[PDB]
Amino acid sequence: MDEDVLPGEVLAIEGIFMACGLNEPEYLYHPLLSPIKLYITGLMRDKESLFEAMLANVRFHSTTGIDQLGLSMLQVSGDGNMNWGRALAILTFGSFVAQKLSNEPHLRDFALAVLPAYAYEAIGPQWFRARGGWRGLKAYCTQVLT
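About the thresholds
Residues numbered from 1 in each chain as written, not as in the entry; some residues may be left out. Heavy atoms only, no water. Core = buried A, V, L, I, M, F, W, Y, C linked by side-chain atoms within 4.5 Å. Buried < 20%, exposed > 50% of the residue type's maximum accessible area, 1.4 Å probe, protein only. Helix = DSSP H or I, 4+ residues; strand = E, 2+ residues; numbered from the N terminus. Contact = heavy atoms within 4.5 Å. Axes fitted to C-alpha atoms, helices over the stretch in contact; angles between N-to-C directions. Parallel < 35°, antiparallel > 145°, perpendicular 65-115°, else oblique. Left-handed = near helix turned anticlockwise from the far one by under 90°. Nonpolar A, V, L, I, M, F, W, Y, C, P; charged D, E, K, R; others polar. Arc of directions from axis to C-beta. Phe/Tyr/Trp six-rings, centres within 6.5 Å; stacked < 30°, edge-to-face > 60°. 1 Å grid on protein atoms, 1.4 Å probe; cavity = no way out; pocket = protein on both sides within 12 Å on 5 of 7 lines; lining within 4 Å. Points joined across faces, edges and corners; volume = space filled by probe spheres on them.

The deposited coordinates derive from solution NMR.

Trainee: Looking at this structure, I do not really get the nonpolar core. What am I missing?
Mentor: General note: in soluble globular proteins, nonpolar side chains tend to be found buried as a group. In this structure, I13, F17, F93 and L115 are the most contacted members of the largest nonpolar core, which totals 41 residues. Looking at this core, the elements with two or more residues in it are α1 (11-18), α2 (35-54), α3 (62-76), α4 (84-100), α5 (106-113), α6 (115-123) and α7 (125-130). Residue contributions to this core peak at nine residues, all from α4. The contacts of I13, once residues within four sequence positions are left out, are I36, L91, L115, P116 and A119.

Trainee: Explanation requested: unusual backbone geometry in the structure shown.
Mentor: Most peptide bonds adopt trans geometry, and most residues besides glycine take a negative phi value. A positive phi angle, close to 50 degrees, is found at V5, a residue other than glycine. On the secondary structure map, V5 appears in the segment before α1. We classify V5 as partly exposed; its relative accessible area is 44%.

Trainee: Could you clarify how one ought to interpret the packing of α3 against α5 in this entry?
Mentor: Think of two packed helices as two axes; the pair is described by the angle between the axes and how far apart they sit. Orientation of α3 relative to α5, taken along the N-to-C sense of each, is 55 degrees, at an axis distance of 8 Å. The angle between α3 and α5 places the two elements in the oblique class. Seen along the crossing, α3 lies across α5 with a hand that is right-handed. Along the contact surface, α3 presents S62, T63 and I66, while α5 presents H106, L107 and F110. Tallied by class, residues from the contact of α3 with α5 come to three nonpolar, three polar and no charged.

Trainee: Can you walk me through α6 in this structure?
Mentor: The periodicity of an α-helix, 3.6 residues per turn, causes residues three or four places apart in sequence to face the same way. The set of residues buried in α6 consists of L115, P116, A119, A122 and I123. On an axial view of α6, the arc spanned by its buried residues comes to 160 degrees, and they lie on one face. Of the surrounding secondary structure, the elements contacted by the buried residues of α6 are α1, α3, α4, α5 and α7.

Trainee: Any chance you could explain the packing of aromatic side chains here in plain terms?
Mentor: Given two aromatic rings, one states the distance between the centres and the angle between the planes to describe the pair. Tallied over the full model, the rule gives six aromatic pairs. Seen from their ring centres, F51 and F96 are 5.0 Å apart, and the 55 degrees between their planes marks the pair as tilted. Of the two residues, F51 is situated in helix α2 and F96 in helix α4; the sequence distance between them amounts to 45 residues. For the pair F51 and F96, one class covers both residues: buried.

Trainee: I tried to follow the environment of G85 on my own but got confused; where do I start?
Mentor: Within the element layout of this structure, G85 appears in helix α4. For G85, a relative accessible area of 39% translates into the label partly exposed. Separated by 46 residues in sequence, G85 and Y39 have C-alpha atoms that sit 9.3 Å apart.

Trainee: I'm lost on empty space enclosed by the protein in this one. Help?
Mentor: In the structure shown here, the tally under the stated rule is one cavity of 30 Å³ or more. Roughly 120 Å³ of volume is contained in the largest cavity. Surrounding the largest cavity, 14 residues form its lining, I36, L91, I123, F128 and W134 being those nearest its centre. Mapped onto the lining of the largest cavity, the elements with two or more residues apiece are α2, α4 and α6. Take the lining of the largest cavity: its biggest share by element is three residues, from α6. Looking at side-chain class alone, the lining of the largest cavity contains twelve nonpolar, one polar and one charged residues.

Structure below.
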């Protein structure tokens, strides 16, 4: 069709999370280098203790319940100062949950109709146009602490 290693902004996360989240190839990475890979990998590491309690120690009540909890980041992040943690909350969540969705696609359904839409929607045109460039978040992930 037109696979130019960048068919869409959100489409990249919606797929790599619900589609690739099940199997992350460590041989070749055609799409985004590693901006979300590191971002999600970092949170999933610590946040795991939290998710493991909701996912593993209980059946996540679909997106209806989680949305208000996680997605709420948008209602609060309507216009702040660099809140990567917010978008990262639902973003990384998609990756982690993506693994736990193999048995329950309930959360995998909204992730498609919400993660991408809210990802850029909440992020903001400017925030994305400026910061949302992959190369930035990927390089910033290390700049945060060296």
